[PDB]
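S.K.: Questions regarding the structure given below will be posed in turn.
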Amino acid sequence: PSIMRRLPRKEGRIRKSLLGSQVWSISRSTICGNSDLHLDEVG
Amino acid sequence: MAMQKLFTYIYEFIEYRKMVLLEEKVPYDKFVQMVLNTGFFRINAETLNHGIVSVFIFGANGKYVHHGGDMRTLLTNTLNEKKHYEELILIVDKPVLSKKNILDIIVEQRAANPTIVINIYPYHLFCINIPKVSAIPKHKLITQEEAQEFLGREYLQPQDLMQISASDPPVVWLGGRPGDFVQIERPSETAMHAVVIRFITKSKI
Amino acid sequence: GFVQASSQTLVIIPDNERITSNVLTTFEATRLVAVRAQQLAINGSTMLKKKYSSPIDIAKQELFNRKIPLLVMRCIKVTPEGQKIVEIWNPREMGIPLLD
Amino acid sequence: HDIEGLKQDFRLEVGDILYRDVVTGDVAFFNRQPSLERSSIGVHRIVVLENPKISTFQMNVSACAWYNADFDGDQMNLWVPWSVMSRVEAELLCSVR
Amino acid sequence: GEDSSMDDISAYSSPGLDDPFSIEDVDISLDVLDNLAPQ
Ligand SMILES: [Mg+2]
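This is how it looks when you write it as structure tokens:
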């Protein structure tokens, strides 16, 4: 382990922590079709 | 067939830059004879402000492009000639542009002569009428006062504008120098045409 | 060395020399409504006449009815002599984009 | 304070922040990865599905063009803006219209 | 010459620049990779 090894890659400091973020108050699910919903609506 | 194209379009280049020729134009056969025997051809032109511009067309097999001593001697004697020089154009074959020694003589002659513009260009830059090429938009040098007014209205500095090299073929045919501004009117497929202003920077060679 | 940059003086372009548009951008209108809605969530003091049960609707109606107590500052340039040339625009006198 | 650990003499006071459930009509950002276009995140009006046996995000098939999505097993992200500033921005800037 | 105690260990488990298929510049979750299914 080294200080500068934390930086470079996609799993590194800059890309994983600074340019992206783990966040709270978020949900994920499989999407499904529903023809009774408007185009600007989500079930 | 670079010599044949050069023999016409170098004079077209002189006319496009608005200069008067100083010598009588020789036919093409003795042009090639002088290029092969003397090693180069010299064309002199007079500018509106009385500046003298001499153009050296160097043959690809001549000694001046293979030996730096001959080029140094020729440039030293031509720049020591008592004429109101303002611009020397040294037209050489493209591979000559990769020879470090020749370019070193070029930059050393520049250093010894700070008030005289020294430029060395490849063959293809004078084998067309560059302004009339369809892919080349319309370039036009603008005055310092107009550029200052434009920059003042825009709250801009000359270093914020897009920049163009002084060795760009349209700029060469214009005679643009570093520190000048060139207005380019260019076709647009969104607005049917557009205008930009570019800041001319140093030549690459 | 002198890490601290020197203070600037705010140079406001006179209203008859402004070059930017008199119509709010969608970004500017959204920012105005968001800021004003947060202010109303802080205070709740408004000069709007009709009653609304949410800060956002009060903010949009204040923008639409030209009663919003905010000004838009468009920073034009930062002079290296210290001036900060800006333009001040009154959204109550501006065109309002299509916020639908 | 949690609502199940709430005192007998408790009441809402001007300046309190109530964290309420998501209801129909709220705006939410809808995202499918990879986010390649700028319609890959869009703001939709929430319709809450009262059926307790439904775990899917449901949308109209004509909305799938915004996300390059289909219903073979795609998963999508959803977050509801709770901040006032983000709620204003969601419905004025990021709405799928 | 017949000793086997100091033989090269890597000489047993042996026969004797970007990855084109790696999602390295694609910031996608590993639980969502079914969104890449060709269908
Ligand atoms: Mg799929």
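Protein chains in written order, with UniProt numbering: chain W, 297 to 339; chain X, 1 to 205; chain L, 48 to 147; chain Y, 388 to 484; chain P, 1202 to 1217, 1227 to 1249. Positions of the beta carbon are idealized from the N, C-alpha and C atoms, including for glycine.
1. Can you tell me the Cβ-Cβ gap for W/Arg309 and Y/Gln462, rounded? I've got them flagged as a contact below 8 Å.
2. How would you call L/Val80, buried or exposed, if buried means at least 16 neighbouring beta carbons within 10 angstroms?
3. Quick one: list the residues of chain P neighbouring W/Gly316, beta-carbon separation under 7 Å, in chain order.
4. Could you tell me which uninterrupted alpha helix (DSSP H) segments, each at least 4 residues in length, are contained entirely in the stretch 76 to 161 of chain X, listed from first to last along the chain?
5. Checking contacts by CB at 9 Å: is Y/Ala456 closer than that to chain P?
6. Do L/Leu146 and L/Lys107 have their beta-carbon atoms positioned less than 9 Å apart in this structure?
7. Distance cutoff 9 Å, beta carbons only. Does W/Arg324 sit that close to anything in chain Y?
8. Should X/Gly39 and X/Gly59 be called a contact, given that it needs their Cβ atoms to be closer than 9 Å?
9. For X/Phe56, tell me which candidate among X/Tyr28, X/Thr190, X/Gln157 and X/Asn119 has the shortest Cα-Cα distance.
10. Quick one, which residues of the stretch 459 to 480 of chain Y are near chain P if we go by CB-CB under 9 Å, in chain order?
11. With DSSP collapsed to three states, give me the class of L/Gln86.
12. Closer than 7 Å, Cβ to Cβ, to anything on chain W: give me those residues from the stretch 389 to 423 of chain Y, in chain order.
13. Does the distance between the C-beta of L/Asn90 and the nearest non-hydrogen atom of ligand 1 fall short of 8 Å?
14. Residues of chain Y with CB under 8 Å from L/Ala52, in chain order?
15. If contacts are defined as beta-carbon pairs under 8 Å, then Y/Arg474 and Y/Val414 qualify, I think. What distance do you get, rounded to the angstrom?
16. Hey, L/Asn63 and L/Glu140: beta-carbon distance below 9 Å or not?
17. Using a Cβ cut-off of 9 Å, pull out every chain W residue sitting near Y/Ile433, in sequence order please.
18. Which of helix, strand or coil does DSSP assign to L/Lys131?
19. Using the beta-carbon of each residue, which ones in chain Y are nearer than 7 Å to L/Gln85?
20. In angstroms, rounded to a whole number, what distance separates the CA positions of P/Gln1249 and W/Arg302?
21. Relative to the C-alpha of X/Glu46, which residue among X/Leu74, X/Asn77 and X/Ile14 is closest?
22. Tell me Y/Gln462's beta-bridge partners as DSSP assigns them.
23. Three-state secondary structure (DSSP) at P/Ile1210?
24. Please name the residue, chosen from X/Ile102, X/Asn44, X/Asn80 and X/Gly62, that lies closest to X/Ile205 on a Cα-to-Cα basis.
25. Measure the C-alpha to C-alpha separation of L/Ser54 and Y/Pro468 and round it to an integer number of angstroms.
26. Going by DSSP in three states, X/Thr201 sits in which element: helix, strand or coil?
27. Is Y/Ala452 near ligand 1, in the sense that its beta carbon is under 8 Å from a heavy atom of that ligand?
28. Can you have a look at Y/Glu476 and say buried or exposed, based on whether 16 or more other CB atoms are within 10 angstroms of its CB?
29. Compare the C-beta of P/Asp1241 against all C-beta atoms of chain W and say whether one is closer than 9 Å.
30. Near X/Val195, what residues of its chain come up, given a Cβ to Cβ distance below 6 Å and the 5 sequence neighbours on each side ignored?
31. Quick check: the stretch 10 to 25 of chain X against the stretch 1227 to 1236 of chain P, are there 3 or more CB pairs under 8 Å?
32. Is any heavy atom in ligand 1 found nearer than 8 Å to the beta carbon of Y/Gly460?
33. Measuring straight from C-alpha to C-alpha, what distance separates W/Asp332 and Y/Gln445?
34. Could you pull out every residue in the same chain whose Cβ sits closer than 6 Å to the Cβ of W/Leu335, ignoring the five residues on either side in sequence?
35. So L/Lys131 and L/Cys122 are supposed to be a Cβ contact under 8 Å. How far apart are they, rounded?
36. How about X/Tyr85 and X/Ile116: do their beta carbons lie closer than 9 Å?
M.R.: Looking at the atomic coordinates:
1. Translated into positions along the first sequence, residue 309 of chain W becomes position 13. Translated into positions along the fourth sequence, residue 462 of chain Y becomes position 75. Their Cβ separation, rounded to whole angstroms, is 28 Å, which puts W/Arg309 and Y/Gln462 out of contact at 8 Å.
2. Position 33 of the third sequence, counted from the start, is the residue given in the question as residue 80 of chain L. Buried, since its Cβ has 16 or more Cβ neighbours within 10 Å.
3. The sequence position of residue 316 of chain W within the first sequence is 20, counting from 1. Within chain P, the residues near W/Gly316 are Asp1237.
4. When DSSP assignments are scanned along the stretch 76 to 161 of chain X, the uninterrupted stretches of alpha helix (DSSP H) that are 4 or more residues long and fall wholly within it turn out to be 100 to 112 and 144 to 154.
5. The residue you call residue 456 of chain Y lines up with position 69 of the fourth sequence. Among the residues facing chain P, Y/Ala456 is included, as its CB has a counterpart in that chain under 9 Å away.
6. To locate residue 107 of chain L, count along the third sequence from 1; it is residue 60. To locate residue 146 of chain L, count along the third sequence from 1; it is residue 99. Yes, they are a contact pair.
7. Within the first sequence, residue 324 of chain W is the residue found at index 28, counting from 1. Closer than 9 Å: yes.
8. Working through the second sequence from its first residue, we reach residue 39 of chain X at position 39. Working through the second sequence from its first residue, we reach residue 59 of chain X at position 59. Yes, these two residues count as a Cβ contact at 9 Å.
9. Within the second sequence, residue 56 of chain X is the residue found at index 56, counting from 1. Checking every option, the nearest Cα to that of X/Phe56 belongs to X/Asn119.
10. Using a CB distance below 9 Å, the part of the stretch 459 to 480 of chain Y facing chain P consists of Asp459, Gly460, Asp461, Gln462, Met463 and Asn464, ordered along the chain.
11. As a first step, residue 86 of chain L must be located in the third sequence, where it is residue number 39. Helix.
12. Hits within the stretch, in order: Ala415 and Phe417.
13. Along the third sequence, read from residue 1 onward, the residue named residue 90 of chain L stands at position 43. Placement of the Cβ of L/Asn90 at a distance of 8 Å or more from every heavy atom of ligand 1 is found.
14. By one-based count along the third sequence, residue 52 of chain L stands at place 5. Ordered by position in chain Y, no residue passes the 8 Å Cβ test against L/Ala52, which lies about 29 Å from the chain.
15. Looking up residue 474 of chain Y in the fourth sequence gives position 87. Looking up residue 414 of chain Y in the fourth sequence gives position 27. Right, their Cβ atoms sit about 6 Å apart.
16. Taking the third sequence and counting its residues from 1, one reaches residue 63 of chain L at position 16. Taking the third sequence and counting its residues from 1, one reaches residue 140 of chain L at position 93. At the C-beta level, L/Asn63 and L/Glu140 stay beyond 9 Å of one another.
17. The residue you call residue 433 of chain Y lines up with position 46 of the fourth sequence. At a beta-carbon threshold of 9 Å, the residues of chain W lying near Y/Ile433 are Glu337, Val338 and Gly339, ordered along the chain.
18. In the third sequence, the residue the question calls residue 131 of chain L occupies position 84. Strand.
19. The residue labelled residue 85 of chain L in the question sits at position 38 within the third sequence. Close to L/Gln85, with beta-carbon spacing below 7 Å, are these residues of chain Y in chain order: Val471 and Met472.
20. Indexing the fifth sequence from 1 puts residue 1249 of chain P at position 39. Indexing the first sequence from 1 puts residue 302 of chain W at position 6. When rounded, the distance between both Cα atoms is 38 Å.
21. The residue you call residue 46 of chain X lines up with position 46 of the second sequence. Residue X/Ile14 is the option with its Cα nearest to X/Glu46.
22. Here residue 462 of chain Y refers to the residue found at position 75 when the fourth sequence is read from its first residue. For Y/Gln462, DSSP records a beta bridge to W/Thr326.
23. Position 9 of the fifth sequence, counting from 1, holds the residue named residue 1210 of chain P. Of the three classes helix, strand and coil, the one that applies to P/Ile1210 here is helix, per DSSP.
24. Within the second sequence, residue 205 of chain X is the residue found at index 205, counting from 1. If we check each option's Cα against that of X/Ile205, X/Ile102 comes out closest.
25. As a position in the third sequence, residue 54 of chain L is number 7, starting the count at 1. As a position in the fourth sequence, residue 468 of chain Y is number 81, starting the count at 1. Whole-angstrom Cα-Cα distance: 38 Å.
26. Taking the first residue of the second sequence as position 1, residue 201 of chain X is located at position 201. Looking at X/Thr201 - three-state DSSP - the assignment turns out to be strand.
27. Counting from one through the fourth sequence, the residue named residue 452 of chain Y turns up at place 65. Answer for Y/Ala452: no, Cβ out of range of ligand 1.
28. Within the fourth sequence, residue 476 of chain Y is the residue found at index 89, counting from 1. By the 10 Å Cβ count, Y/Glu476 comes out buried.
29. What you label residue 1241 of chain P is simply residue 31 of the fifth sequence in a count that begins at 1. P/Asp1241 counts as touching chain W.
30. As a first step, residue 195 of chain X is located in the second sequence; it is residue number 195 there, counting from the start. Around X/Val195, the same chain offers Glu185 as residues with beta carbons nearer than 6 Å, after the five sequence neighbours per side are excluded.
31. Pairwise C-beta distances place the stretch 10 to 25 of chain X out of contact with the stretch 1227 to 1236 of chain P, as fewer than three of them are shorter than 8 Å.
32. Here the question's residue 460 of chain Y lines up with position 73 in the fourth sequence. Yes, ligand 1 has a heavy atom inside 8 Å of this Cβ.
33. Here residue 332 of chain W refers to the residue found at position 36 when the first sequence is read from its first residue. Here residue 445 of chain Y refers to the residue found at position 58 when the fourth sequence is read from its first residue. Straight-line Cα distance between these residues: approximately 10 Å.
34. Taking the first residue of the first sequence as position 1, residue 335 of chain W is located at position 39. Taken in chain order, the list of residues that qualify is empty.
35. As a first step, residue 131 of chain L must be located in the third sequence, where it is residue number 84. As a first step, residue 122 of chain L must be located in the third sequence, where it is residue number 75. Confirmed, Cβ separation roughly 7 Å.
36. Indexing the second sequence from 1 puts residue 85 of chain X at position 85. Indexing the second sequence from 1 puts residue 116 of chain X at position 116. With respect to X/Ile116, X/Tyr85 sits close: the two C-beta atoms are nearer than 9 Å.
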